[PDB]
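A.B. asks: Take a look at input24.cif, mmCIF, N, CA and C atoms:
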data_model
#
loop_
_atom_site.label_atom_id
_atom_site.label_comp_id
_atom_site.auth_asym_id
_atom_site.auth_seq_id
_atom_site.Cartn_x
_atom_site.Cartn_y
_atom_site.Cartn_z
N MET S 1 -52.94 30.45 56.85
CA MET S 1 -51.54 30.02 56.64
C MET S 1 -51.04 29.24 57.84
N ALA S 2 -50.57 28.02 57.58
CA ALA S 2 -50.20 27.05 58.63
C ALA S 2 -51.46 26.52 59.30
N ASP S 3 -51.54 25.21 59.43
CA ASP S 3 -52.78 24.58 59.87
C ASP S 3 -52.52 23.66 61.06
N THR S 4 -53.58 23.30 61.77
CA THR S 4 -53.47 22.39 62.89
C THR S 4 -54.20 21.09 62.58
N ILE S 5 -53.54 19.97 62.86
CA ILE S 5 -54.13 18.67 62.59
C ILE S 5 -54.93 18.18 63.80
N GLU S 6 -55.78 17.20 63.57
CA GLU S 6 -56.63 16.66 64.63
C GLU S 6 -56.12 15.29 65.05
N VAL S 7 -55.58 15.23 66.26
CA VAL S 7 -55.14 13.97 66.85
C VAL S 7 -55.61 13.91 68.29
N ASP S 8 -56.53 12.99 68.57
CA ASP S 8 -57.11 12.84 69.92
C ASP S 8 -57.90 14.09 70.31
N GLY S 9 -58.33 14.85 69.32
CA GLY S 9 -59.03 16.09 69.60
C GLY S 9 -58.07 17.23 69.89
N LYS S 10 -56.78 16.92 69.89
CA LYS S 10 -55.75 17.91 70.16
C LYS S 10 -55.35 18.59 68.87
N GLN S 11 -55.10 19.89 68.95
CA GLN S 11 -54.65 20.65 67.80
C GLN S 11 -53.13 20.75 67.80
N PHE S 12 -52.50 20.03 66.89
CA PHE S 12 -51.06 20.07 66.76
C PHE S 12 -50.66 21.00 65.63
N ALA S 13 -49.70 21.88 65.90
CA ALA S 13 -49.26 22.87 64.94
C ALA S 13 -48.29 22.26 63.93
N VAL S 14 -48.69 22.28 62.67
CA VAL S 14 -47.84 21.81 61.59
C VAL S 14 -47.68 22.91 60.55
N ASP S 15 -46.55 22.90 59.85
CA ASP S 15 -46.34 23.82 58.75
C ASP S 15 -47.30 23.45 57.63
N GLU S 16 -47.69 24.44 56.84
CA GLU S 16 -48.70 24.25 55.81
C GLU S 16 -48.21 23.29 54.72
N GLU S 17 -46.90 23.06 54.67
CA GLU S 17 -46.33 22.10 53.73
C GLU S 17 -46.56 20.67 54.19
N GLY S 18 -47.01 20.51 55.43
CA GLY S 18 -47.26 19.19 55.97
C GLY S 18 -46.10 18.67 56.79
N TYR S 19 -45.48 19.56 57.56
CA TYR S 19 -44.35 19.20 58.41
C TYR S 19 -44.60 19.70 59.83
N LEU S 20 -44.62 18.78 60.79
CA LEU S 20 -44.87 19.15 62.18
C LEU S 20 -43.85 20.16 62.67
N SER S 21 -44.32 21.32 63.09
CA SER S 21 -43.45 22.36 63.60
C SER S 21 -43.35 22.26 65.12
N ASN S 22 -44.45 21.85 65.74
CA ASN S 22 -44.48 21.67 67.19
C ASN S 22 -43.84 20.34 67.58
N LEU S 23 -42.51 20.34 67.66
CA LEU S 23 -41.77 19.15 68.08
C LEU S 23 -41.66 19.09 69.59
N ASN S 24 -42.73 19.48 70.27
CA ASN S 24 -42.76 19.49 71.72
C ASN S 24 -43.52 18.29 72.25
N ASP S 25 -43.87 17.38 71.35
CA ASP S 25 -44.60 16.17 71.72
C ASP S 25 -44.44 15.08 70.65
N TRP S 26 -45.31 15.13 69.64
CA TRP S 26 -45.33 14.14 68.56
C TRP S 26 -45.77 12.77 69.07
N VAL S 27 -46.96 12.36 68.68
CA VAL S 27 -47.46 11.03 68.97
C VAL S 27 -47.67 10.26 67.66
N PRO S 28 -47.79 8.92 67.72
CA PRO S 28 -48.00 8.09 66.53
C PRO S 28 -49.19 8.55 65.69
N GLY S 29 -50.22 9.05 66.36
CA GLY S 29 -51.40 9.54 65.68
C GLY S 29 -51.08 10.67 64.72
N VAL S 30 -50.11 11.50 65.09
CA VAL S 30 -49.69 12.62 64.25
C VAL S 30 -49.19 12.12 62.90
N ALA S 31 -48.28 11.16 62.95
CA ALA S 31 -47.70 10.59 61.74
C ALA S 31 -48.76 9.85 60.93
N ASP S 32 -49.63 9.13 61.63
CA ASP S 32 -50.67 8.33 60.99
C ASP S 32 -51.66 9.21 60.23
N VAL S 33 -52.13 10.28 60.88
CA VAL S 33 -53.07 11.20 60.25
C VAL S 33 -52.43 11.89 59.04
N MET S 34 -51.15 12.21 59.14
CA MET S 34 -50.43 12.84 58.04
C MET S 34 -50.22 11.84 56.90
N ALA S 35 -50.06 10.57 57.25
CA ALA S 35 -49.89 9.52 56.26
C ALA S 35 -51.19 9.24 55.52
N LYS S 36 -52.30 9.27 56.26
CA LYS S 36 -53.63 9.06 55.69
C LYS S 36 -53.92 10.07 54.58
N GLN S 37 -53.47 11.30 54.78
CA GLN S 37 -53.71 12.37 53.83
C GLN S 37 -52.86 12.21 52.57
N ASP S 38 -51.86 11.35 52.63
CA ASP S 38 -50.98 11.10 51.49
C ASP S 38 -51.30 9.73 50.88
N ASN S 39 -52.12 8.96 51.61
CA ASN S 39 -52.50 7.60 51.21
C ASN S 39 -51.27 6.69 51.24
N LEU S 40 -50.38 6.96 52.17
CA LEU S 40 -49.21 6.11 52.37
C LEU S 40 -49.39 5.35 53.67
N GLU S 41 -49.32 4.04 53.61
CA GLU S 41 -49.51 3.22 54.80
C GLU S 41 -48.20 3.04 55.53
N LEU S 42 -48.26 3.08 56.85
CA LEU S 42 -47.08 2.96 57.68
C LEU S 42 -47.01 1.59 58.33
N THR S 43 -46.11 0.75 57.84
CA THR S 43 -45.88 -0.56 58.44
C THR S 43 -44.77 -0.45 59.48
N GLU S 44 -44.38 -1.58 60.06
CA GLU S 44 -43.31 -1.59 61.05
C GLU S 44 -42.00 -1.12 60.43
N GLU S 45 -41.87 -1.32 59.12
CA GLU S 45 -40.71 -0.85 58.39
C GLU S 45 -40.68 0.68 58.39
N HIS S 46 -41.81 1.28 58.06
CA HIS S 46 -41.94 2.73 58.05
C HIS S 46 -41.74 3.29 59.45
N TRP S 47 -42.43 2.70 60.42
CA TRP S 47 -42.37 3.17 61.80
C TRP S 47 -40.96 3.08 62.37
N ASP S 48 -40.20 2.08 61.94
CA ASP S 48 -38.81 1.94 62.39
C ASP S 48 -37.98 3.11 61.87
N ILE S 49 -38.19 3.46 60.60
CA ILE S 49 -37.50 4.59 59.98
C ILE S 49 -37.97 5.92 60.56
N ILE S 50 -39.28 6.05 60.74
CA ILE S 50 -39.86 7.26 61.32
C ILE S 50 -39.32 7.50 62.72
N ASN S 51 -39.34 6.45 63.54
CA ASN S 51 -38.82 6.54 64.90
C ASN S 51 -37.32 6.79 64.88
N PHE S 52 -36.65 6.21 63.89
CA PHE S 52 -35.21 6.41 63.72
C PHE S 52 -34.90 7.89 63.54
N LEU S 53 -35.57 8.53 62.58
CA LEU S 53 -35.36 9.96 62.34
C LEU S 53 -35.74 10.78 63.57
N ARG S 54 -36.83 10.39 64.21
CA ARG S 54 -37.30 11.05 65.43
C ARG S 54 -36.21 11.03 66.50
N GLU S 55 -35.66 9.85 66.75
CA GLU S 55 -34.62 9.66 67.74
C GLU S 55 -33.32 10.34 67.31
N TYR S 56 -32.93 10.09 66.06
CA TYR S 56 -31.67 10.61 65.52
C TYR S 56 -31.62 12.13 65.62
N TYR S 57 -32.68 12.79 65.18
CA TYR S 57 -32.72 14.25 65.21
C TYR S 57 -32.74 14.76 66.64
N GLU S 58 -33.42 14.03 67.52
CA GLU S 58 -33.55 14.45 68.90
C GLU S 58 -32.23 14.32 69.66
N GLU S 59 -31.46 13.27 69.38
CA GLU S 59 -30.21 13.04 70.09
C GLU S 59 -29.02 13.74 69.41
N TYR S 60 -28.98 13.69 68.09
CA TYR S 60 -27.83 14.22 67.35
C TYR S 60 -28.06 15.66 66.90
N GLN S 61 -29.33 16.07 66.85
CA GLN S 61 -29.71 17.40 66.32
C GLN S 61 -29.42 17.49 64.83
N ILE S 62 -29.26 16.34 64.20
CA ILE S 62 -28.94 16.27 62.78
C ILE S 62 -30.06 15.58 62.02
N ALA S 63 -30.45 16.17 60.89
CA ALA S 63 -31.45 15.56 60.03
C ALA S 63 -30.77 14.85 58.86
N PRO S 64 -30.83 13.51 58.83
CA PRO S 64 -30.18 12.72 57.79
C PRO S 64 -30.81 12.92 56.42
N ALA S 65 -30.01 13.41 55.48
CA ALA S 65 -30.44 13.55 54.10
C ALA S 65 -30.54 12.17 53.44
N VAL S 66 -30.98 12.13 52.19
CA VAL S 66 -31.21 10.86 51.50
C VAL S 66 -29.92 10.04 51.39
N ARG S 67 -28.79 10.73 51.22
CA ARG S 67 -27.49 10.07 51.13
C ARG S 67 -27.09 9.45 52.47
N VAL S 68 -27.53 10.08 53.56
CA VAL S 68 -27.15 9.64 54.90
C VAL S 68 -28.11 8.57 55.40
N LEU S 69 -29.40 8.81 55.23
CA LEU S 69 -30.45 7.90 55.67
C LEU S 69 -30.23 6.49 55.13
N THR S 70 -29.98 6.40 53.82
CA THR S 70 -29.76 5.12 53.16
C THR S 70 -28.61 4.33 53.79
N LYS S 71 -27.58 5.04 54.25
CA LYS S 71 -26.45 4.39 54.91
C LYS S 71 -26.82 3.96 56.32
N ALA S 72 -27.40 4.90 57.07
CA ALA S 72 -27.74 4.68 58.47
C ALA S 72 -28.73 3.52 58.64
N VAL S 73 -29.80 3.54 57.85
CA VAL S 73 -30.82 2.50 57.94
C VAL S 73 -30.24 1.14 57.55
N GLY S 74 -29.27 1.15 56.64
CA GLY S 74 -28.63 -0.08 56.21
C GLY S 74 -27.98 -0.82 57.36
N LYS S 75 -27.32 -0.07 58.23
CA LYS S 75 -26.64 -0.66 59.38
C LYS S 75 -27.61 -0.87 60.54
N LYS S 76 -28.53 0.07 60.70
CA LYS S 76 -29.48 0.04 61.81
C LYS S 76 -30.49 -1.10 61.66
N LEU S 77 -31.20 -1.11 60.54
CA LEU S 77 -32.32 -2.03 60.35
C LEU S 77 -31.84 -3.47 60.22
N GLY S 78 -30.77 -3.68 59.46
CA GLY S 78 -30.30 -5.04 59.24
C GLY S 78 -28.86 -5.11 58.80
N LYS S 79 -28.60 -5.93 57.80
CA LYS S 79 -27.25 -6.17 57.31
C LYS S 79 -26.92 -5.20 56.18
N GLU S 80 -27.77 -5.18 55.16
CA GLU S 80 -27.59 -4.28 54.03
C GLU S 80 -28.96 -3.89 53.48
N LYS S 81 -29.92 -3.74 54.38
CA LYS S 81 -31.30 -3.47 54.00
C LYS S 81 -31.47 -2.06 53.44
N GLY S 82 -30.46 -1.22 53.66
CA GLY S 82 -30.51 0.15 53.17
C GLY S 82 -30.23 0.23 51.69
N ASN S 83 -31.24 -0.05 50.89
CA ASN S 83 -31.12 -0.01 49.43
C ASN S 83 -31.97 1.11 48.86
N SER S 84 -31.49 1.70 47.77
CA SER S 84 -32.19 2.81 47.13
C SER S 84 -33.60 2.41 46.71
N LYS S 85 -33.72 1.25 46.06
CA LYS S 85 -35.01 0.76 45.60
C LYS S 85 -35.93 0.50 46.79
N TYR S 86 -35.36 -0.02 47.87
CA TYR S 86 -36.13 -0.34 49.07
C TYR S 86 -36.78 0.91 49.65
N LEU S 87 -36.01 2.00 49.71
CA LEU S 87 -36.51 3.26 50.24
C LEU S 87 -37.63 3.83 49.37
N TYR S 88 -37.48 3.70 48.05
CA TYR S 88 -38.50 4.17 47.12
C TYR S 88 -39.73 3.26 47.13
N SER S 89 -39.55 2.03 47.59
CA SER S 89 -40.65 1.09 47.70
C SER S 89 -41.45 1.35 48.98
N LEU S 90 -40.81 1.99 49.95
CA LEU S 90 -41.48 2.36 51.18
C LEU S 90 -42.12 3.75 51.04
N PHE S 91 -41.35 4.69 50.52
CA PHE S 91 -41.84 6.05 50.32
C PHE S 91 -41.74 6.44 48.85
N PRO S 92 -42.82 6.23 48.08
CA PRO S 92 -42.84 6.48 46.64
C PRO S 92 -42.83 7.96 46.28
N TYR S 93 -42.92 8.82 47.29
CA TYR S 93 -42.97 10.25 47.07
C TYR S 93 -41.58 10.87 47.24
N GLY S 94 -40.68 10.11 47.84
CA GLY S 94 -39.36 10.61 48.14
C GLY S 94 -38.90 10.16 49.52
N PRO S 95 -38.02 9.14 49.59
CA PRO S 95 -37.64 8.46 50.83
C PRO S 95 -37.41 9.39 52.03
N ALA S 96 -36.34 10.17 51.99
CA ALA S 96 -35.95 11.01 53.12
C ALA S 96 -36.98 12.10 53.40
N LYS S 97 -37.51 12.68 52.34
CA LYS S 97 -38.44 13.80 52.46
C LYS S 97 -39.77 13.34 53.05
N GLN S 98 -40.22 12.17 52.64
CA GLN S 98 -41.48 11.62 53.11
C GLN S 98 -41.34 11.10 54.55
N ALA S 99 -40.19 10.50 54.85
CA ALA S 99 -39.94 9.96 56.18
C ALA S 99 -39.91 11.07 57.22
N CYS S 100 -39.14 12.13 56.96
CA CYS S 100 -39.03 13.23 57.91
C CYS S 100 -40.37 13.93 58.08
N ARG S 101 -41.14 14.01 57.00
CA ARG S 101 -42.50 14.55 57.06
C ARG S 101 -43.32 13.86 58.14
N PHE S 102 -43.30 12.53 58.14
CA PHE S 102 -44.08 11.76 59.11
C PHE S 102 -43.41 11.76 60.48
N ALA S 103 -42.08 11.87 60.49
CA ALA S 103 -41.32 11.88 61.74
C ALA S 103 -41.50 13.20 62.48
N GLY S 104 -42.11 14.17 61.80
CA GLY S 104 -42.36 15.46 62.41
C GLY S 104 -41.17 16.39 62.31
N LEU S 105 -40.30 16.12 61.35
CA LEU S 105 -39.09 16.90 61.18
C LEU S 105 -39.32 17.97 60.12
N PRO S 106 -38.65 19.13 60.25
CA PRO S 106 -38.72 20.19 59.24
C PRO S 106 -38.01 19.80 57.95
N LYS S 107 -38.24 20.58 56.90
CA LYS S 107 -37.66 20.30 55.58
C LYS S 107 -36.13 20.28 55.64
N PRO S 108 -35.53 19.10 55.43
CA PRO S 108 -34.09 18.92 55.48
C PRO S 108 -33.43 19.02 54.11
N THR S 109 -32.68 20.08 53.89
CA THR S 109 -31.88 20.22 52.69
C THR S 109 -30.42 20.49 53.07
N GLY S 110 -30.23 21.42 53.99
CA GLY S 110 -28.90 21.69 54.52
C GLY S 110 -28.09 22.62 53.64
N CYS S 111 -26.84 22.82 54.01
CA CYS S 111 -25.93 23.65 53.24
C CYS S 111 -25.15 22.81 52.24
N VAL S 112 -25.66 22.72 51.02
CA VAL S 112 -25.01 21.95 49.97
C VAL S 112 -24.62 22.86 48.81
#
Mind turning this structure into structure tokens?
C.D. replies:
Amino acid sequence: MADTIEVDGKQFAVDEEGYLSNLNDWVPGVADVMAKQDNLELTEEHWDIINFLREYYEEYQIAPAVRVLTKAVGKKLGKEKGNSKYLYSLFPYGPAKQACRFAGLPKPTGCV
């Protein structure tokens, strides 16, 4: 129960659901290896969003849900690039859920 991934020969602790629990480091290799297992390729678009969540959660202590991410990325990335279809075209498994997975963030649902 709960497994460790292989990055640079280092054992990083991730939740068995595929979410990095050890947020005491996180390197690009972590996200890449996790993406490989999902067959999702990470372009500069993905990496911008991944780094965004990484930074956002680290500074704000807040994990942006799908309703929030779409707004934030819209202003951050460009003019109005934050589109629902765009997010689904990047993460076909679920925009916010897939992004945070690679960003090394825990399952974000919150008190709704």
A.B. asks: Nearest to residue 44 (chain S): which of S:112, S:77, S:12, S:64 is it, counting only C-alpha atoms?
C.D. replies: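 Going through S:112, S:77, S:12, S:64 one by one, the smallest distance to residue 44 (chain S) is for S:77.
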A.B. asks: For the provided coordinates, the residues matched by the PyMOL selection byres (((chain S and resi 106 and name CA) around 6) and name CA) should be stated as a PyMOL selection string.
C.D. replies: chain S and resi 19+105+107
A.B. asks: Write down as a VMD selection string the residues of chain S whose backbone DSSP state falls under alpha helix (DSSP H).
C.D. replies: chain S and resid 28 to 36 44 to 60 66 to 77 84 to 90 95 to 103
A.B. asks: Which residues fall under the PyMOL selection byres ((chain S and resi 53-55) around 8) in this file, as a ChimeraX atom specification?
C.D. replies: /S:47-52,56-64,99-100,102-105
A.B. asks: Check the smallest atom-to-atom distance from each of S:90, S:6, S:45, S:81 to residue 29 (chain S) using only N, CA and C atoms, then report the winner.
C.D. replies: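 Closest candidate: S:6.
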A.B. asks: Return the single residue from S:91, S:98, S:83, S:8 that is closest to residue 30 (chain S), with distances computed using all atoms listed in the file.
C.D. replies: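 Among the listed residues, the smallest separation from residue 30 (chain S) belongs to S:8.
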A.B. asks: Can you tell me, as a PDB file with N, CA and C atoms, keeping the file's coordinate frame, what residues are no more than 10 Å from residue 40 (chain S) when counting only C-alpha atoms, ignoring any on the same chain fewer than 2 positions away?
C.D. replies:
ATOM      1  N   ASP S  32     -49.630   9.130  61.630  1.00  0.00           N
ATOM      2  CA  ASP S  32     -50.670   8.330  60.990  1.00  0.00           C
ATOM      3  C   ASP S  32     -51.660   9.210  60.230  1.00  0.00           C
ATOM      4  N   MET S  34     -51.150  12.210  59.140  1.00  0.00           N
ATOM      5  CA  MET S  34     -50.430  12.840  58.040  1.00  0.00           C
ATOM      6  C   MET S  34     -50.220  11.840  56.900  1.00  0.00           C
ATOM      7  N   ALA S  35     -50.060  10.570  57.250  1.00  0.00           N
ATOM      8  CA  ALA S  35     -49.890   9.520  56.260  1.00  0.00           C
ATOM      9  C   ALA S  35     -51.190   9.240  55.520  1.00  0.00           C
ATOM     10  N   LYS S  36     -52.300   9.270  56.260  1.00  0.00           N
ATOM     11  CA  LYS S  36     -53.630   9.060  55.690  1.00  0.00           C
ATOM     12  C   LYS S  36     -53.920  10.070  54.580  1.00  0.00           C
ATOM     13  N   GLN S  37     -53.470  11.300  54.780  1.00  0.00           N
ATOM     14  CA  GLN S  37     -53.710  12.370  53.830  1.00  0.00           C
ATOM     15  C   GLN S  37     -52.860  12.210  52.570  1.00  0.00           C
ATOM     16  N   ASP S  38     -51.860  11.350  52.630  1.00  0.00           N
ATOM     17  CA  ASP S  38     -50.980  11.100  51.490  1.00  0.00           C
ATOM     18  C   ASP S  38     -51.300   9.730  50.880  1.00  0.00           C
ATOM     19  N   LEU S  42     -48.260   3.080  56.850  1.00  0.00           N
ATOM     20  CA  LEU S  42     -47.080   2.960  57.680  1.00  0.00           C
ATOM     21  C   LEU S  42     -47.010   1.590  58.330  1.00  0.00           C
ATOM     22  N   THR S  43     -46.110   0.750  57.840  1.00  0.00           N
ATOM     23  CA  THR S  43     -45.880  -0.560  58.440  1.00  0.00           C
ATOM     24  C   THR S  43     -44.770  -0.450  59.480  1.00  0.00           C
ATOM     25  N   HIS S  46     -41.810   1.280  58.060  1.00  0.00           N
ATOM     26  CA  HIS S  46     -41.940   2.730  58.050  1.00  0.00           C
ATOM     27  C   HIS S  46     -41.740   3.290  59.450  1.00  0.00           C
ATOM     28  N   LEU S  90     -40.810   1.990  49.950  1.00  0.00           N
ATOM     29  CA  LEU S  90     -41.480   2.360  51.180  1.00  0.00           C
ATOM     30  C   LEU S  90     -42.120   3.750  51.040  1.00  0.00           C
ATOM     31  N   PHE S  91     -41.350   4.690  50.520  1.00  0.00           N
ATOM     32  CA  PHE S  91     -41.840   6.050  50.320  1.00  0.00           C
ATOM     33  C   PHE S  91     -41.740   6.440  48.850  1.00  0.00           C
ATOM     34  N   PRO S  92     -42.820   6.230  48.080  1.00  0.00           N
ATOM     35  CA  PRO S  92     -42.840   6.480  46.640  1.00  0.00           C
ATOM     36  C   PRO S  92     -42.830   7.960  46.280  1.00  0.00           C
ATOM     37  N   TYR S  93     -42.920   8.820  47.290  1.00  0.00           N
ATOM     38  CA  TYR S  93     -42.970  10.250  47.070  1.00  0.00           C
ATOM     39  C   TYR S  93     -41.580  10.870  47.240  1.00  0.00           C
ATOM     40  N   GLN S  98     -40.220  12.170  52.640  1.00  0.00           N
ATOM     41  CA  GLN S  98     -41.480  11.620  53.110  1.00  0.00           C
ATOM     42  C   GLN S  98     -41.340  11.100  54.550  1.00  0.00           C
TER      43      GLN S  98
END
A.B. asks: Out of S:2, S:84, S:78, S:31, which residue has the shortest atom-to-atom distance to residue 15 (chain S) when counting all atoms listed in the file?
C.D. replies: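 Closest to residue 15 (chain S), using all atoms listed in the file: S:2.
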A.B. asks: Running DSSP on the backbone, which parts of chain S land in strand (DSSP E), as a list in words?
C.D. replies: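 Taking chain S and keeping strand (DSSP E) only, one gets residues 3, 4, 5, 6, 7, 10, 11, 12, 13, 14, 15, 19 and 20 of chain S.
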A.B. asks: When distances are computed from only C-alpha atoms, which of S:87, S:41, S:97, S:16 shows the smallest separation from residue 74 (chain S)?
C.D. replies: S:87
A.B. asks: Given the PyMOL selection byres ((chain S and resi 23) around 8) and the file above, list the residues it selects as a list in words.
C.D. replies: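 Applying the PyMOL selection byres ((chain S and resi 23) around 8) to the structure shown produces residues 13, 20, 21, 22, 24, 25, 26, 104 and 105 of chain S.
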A.B. asks: What does the distance from CA of residue 82 (chain S) to CA of residue 70 (chain S) come to in Å, to one decimal?
C.D. replies: 5.0 Å
A.B. asks: From the options S:66, S:14, S:1, S:72, which residue's atoms come nearest to residue 101 (chain S), counting only C-alpha atoms?
C.D. replies: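 Selected residue with least distance to residue 101 (chain S): S:14.
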A.B. asks: Work out how far atom N of residue 95 (chain S) is from CA of residue 11 (chain S), in Å to one decimal.
C.D. replies: 27.2 Å
A.B. asks: Grab all the atoms of region 53-69 of chain S that the file lists, wrap them in a box along x, y and z, add 4 Å per side, and give me centre plus edge lengths in Å (one decimal) as AutoDock Vina command-line options.
C.D. replies:
--center_x -32.2 --center_y 12.0 --center_z 60.6 --size_x 18.2 --size_y 19.0 --size_z 27.0
A.B. asks: Supply region 26-46 of chain S as a PDB file, in the coordinates of the input, with N, CA, C and O atoms built in where the input has gaps.
C.D. replies:
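Output file result_19.pdb follows:
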ATOM      1  N   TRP S  26     -45.310  15.130  69.640  1.00  0.00           N
ATOM      2  CA  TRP S  26     -45.330  14.140  68.560  1.00  0.00           C
ATOM      3  C   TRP S  26     -45.770  12.770  69.070  1.00  0.00           C
ATOM      4  O   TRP S  26     -45.042  12.093  69.804  1.00  0.00           O
ATOM      5  N   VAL S  27     -46.960  12.360  68.680  1.00  0.00           N
ATOM      6  CA  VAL S  27     -47.460  11.030  68.970  1.00  0.00           C
ATOM      7  C   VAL S  27     -47.670  10.260  67.660  1.00  0.00           C
ATOM      8  O   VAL S  27     -47.713  10.877  66.590  1.00  0.00           O
ATOM      9  N   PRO S  28     -47.790   8.920  67.720  1.00  0.00           N
ATOM     10  CA  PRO S  28     -48.000   8.090  66.530  1.00  0.00           C
ATOM     11  C   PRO S  28     -49.190   8.550  65.690  1.00  0.00           C
ATOM     12  O   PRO S  28     -49.160   8.476  64.460  1.00  0.00           O
ATOM     13  N   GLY S  29     -50.220   9.050  66.360  1.00  0.00           N
ATOM     14  CA  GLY S  29     -51.400   9.540  65.680  1.00  0.00           C
ATOM     15  C   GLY S  29     -51.080  10.670  64.720  1.00  0.00           C
ATOM     16  O   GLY S  29     -51.681  10.777  63.653  1.00  0.00           O
ATOM     17  N   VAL S  30     -50.110  11.500  65.090  1.00  0.00           N
ATOM     18  CA  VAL S  30     -49.690  12.620  64.250  1.00  0.00           C
ATOM     19  C   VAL S  30     -49.190  12.120  62.900  1.00  0.00           C
ATOM     20  O   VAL S  30     -49.652  12.564  61.852  1.00  0.00           O
ATOM     21  N   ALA S  31     -48.280  11.160  62.950  1.00  0.00           N
ATOM     22  CA  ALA S  31     -47.700  10.590  61.740  1.00  0.00           C
ATOM     23  C   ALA S  31     -48.760   9.850  60.930  1.00  0.00           C
ATOM     24  O   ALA S  31     -48.795   9.940  59.707  1.00  0.00           O
ATOM     25  N   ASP S  32     -49.630   9.130  61.630  1.00  0.00           N
ATOM     26  CA  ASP S  32     -50.670   8.330  60.990  1.00  0.00           C
ATOM     27  C   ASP S  32     -51.660   9.210  60.230  1.00  0.00           C
ATOM     28  O   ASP S  32     -51.995   8.939  59.081  1.00  0.00           O
ATOM     29  N   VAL S  33     -52.130  10.280  60.880  1.00  0.00           N
ATOM     30  CA  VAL S  33     -53.070  11.200  60.250  1.00  0.00           C
ATOM     31  C   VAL S  33     -52.430  11.890  59.040  1.00  0.00           C
ATOM     32  O   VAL S  33     -53.095  12.129  58.028  1.00  0.00           O
ATOM     33  N   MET S  34     -51.150  12.210  59.140  1.00  0.00           N
ATOM     34  CA  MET S  34     -50.430  12.840  58.040  1.00  0.00           C
ATOM     35  C   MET S  34     -50.220  11.840  56.900  1.00  0.00           C
ATOM     36  O   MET S  34     -50.198  12.226  55.727  1.00  0.00           O
ATOM     37  N   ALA S  35     -50.060  10.570  57.250  1.00  0.00           N
ATOM     38  CA  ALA S  35     -49.890   9.520  56.260  1.00  0.00           C
ATOM     39  C   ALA S  35     -51.190   9.240  55.520  1.00  0.00           C
ATOM     40  O   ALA S  35     -51.201   9.025  54.309  1.00  0.00           O
ATOM     41  N   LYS S  36     -52.300   9.270  56.260  1.00  0.00           N
ATOM     42  CA  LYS S  36     -53.630   9.060  55.690  1.00  0.00           C
ATOM     43  C   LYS S  36     -53.920  10.070  54.580  1.00  0.00           C
ATOM     44  O   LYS S  36     -54.522   9.730  53.563  1.00  0.00           O
ATOM     45  N   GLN S  37     -53.470  11.300  54.780  1.00  0.00           N
ATOM     46  CA  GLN S  37     -53.710  12.370  53.830  1.00  0.00           C
ATOM     47  C   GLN S  37     -52.860  12.210  52.570  1.00  0.00           C
ATOM     48  O   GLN S  37     -53.120  12.858  51.550  1.00  0.00           O
ATOM     49  N   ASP S  38     -51.860  11.350  52.630  1.00  0.00           N
ATOM     50  CA  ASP S  38     -50.980  11.100  51.490  1.00  0.00           C
ATOM     51  C   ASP S  38     -51.300   9.730  50.880  1.00  0.00           C
ATOM     52  O   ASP S  38     -50.847   9.402  49.788  1.00  0.00           O
ATOM     53  N   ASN S  39     -52.120   8.960  51.610  1.00  0.00           N
ATOM     54  CA  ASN S  39     -52.500   7.600  51.210  1.00  0.00           C
ATOM     55  C   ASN S  39     -51.270   6.690  51.240  1.00  0.00           C
ATOM     56  O   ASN S  39     -51.146   5.750  50.450  1.00  0.00           O
ATOM     57  N   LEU S  40     -50.380   6.960  52.170  1.00  0.00           N
ATOM     58  CA  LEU S  40     -49.210   6.110  52.370  1.00  0.00           C
ATOM     59  C   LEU S  40     -49.390   5.350  53.670  1.00  0.00           C
ATOM     60  O   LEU S  40     -49.617   5.958  54.723  1.00  0.00           O
ATOM     61  N   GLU S  41     -49.320   4.040  53.610  1.00  0.00           N
ATOM     62  CA  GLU S  41     -49.510   3.220  54.800  1.00  0.00           C
ATOM     63  C   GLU S  41     -48.200   3.040  55.530  1.00  0.00           C
ATOM     64  O   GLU S  41     -47.148   2.861  54.918  1.00  0.00           O
ATOM     65  N   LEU S  42     -48.260   3.080  56.850  1.00  0.00           N
ATOM     66  CA  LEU S  42     -47.080   2.960  57.680  1.00  0.00           C
ATOM     67  C   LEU S  42     -47.010   1.590  58.330  1.00  0.00           C
ATOM     68  O   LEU S  42     -47.774   1.281  59.247  1.00  0.00           O
ATOM     69  N   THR S  43     -46.110   0.750  57.840  1.00  0.00           N
ATOM     70  CA  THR S  43     -45.880  -0.560  58.440  1.00  0.00           C
ATOM     71  C   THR S  43     -44.770  -0.450  59.480  1.00  0.00           C
ATOM     72  O   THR S  43     -44.270   0.645  59.742  1.00  0.00           O
ATOM     73  N   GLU S  44     -44.380  -1.580  60.060  1.00  0.00           N
ATOM     74  CA  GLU S  44     -43.310  -1.590  61.050  1.00  0.00           C
ATOM     75  C   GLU S  44     -42.000  -1.120  60.430  1.00  0.00           C
ATOM     76  O   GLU S  44     -41.133  -0.587  61.115  1.00  0.00           O
ATOM     77  N   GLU S  45     -41.870  -1.320  59.120  1.00  0.00           N
ATOM     78  CA  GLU S  45     -40.710  -0.850  58.390  1.00  0.00           C
ATOM     79  C   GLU S  45     -40.680   0.680  58.390  1.00  0.00           C
ATOM     80  O   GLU S  45     -39.653   1.292  58.683  1.00  0.00           O
ATOM     81  N   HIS S  46     -41.810   1.280  58.060  1.00  0.00           N
ATOM     82  CA  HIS S  46     -41.940   2.730  58.050  1.00  0.00           C
ATOM     83  C   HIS S  46     -41.740   3.290  59.450  1.00  0.00           C
ATOM     84  O   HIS S  46     -40.963   4.216  59.650  1.00  0.00           O
TER      85      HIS S  46
END
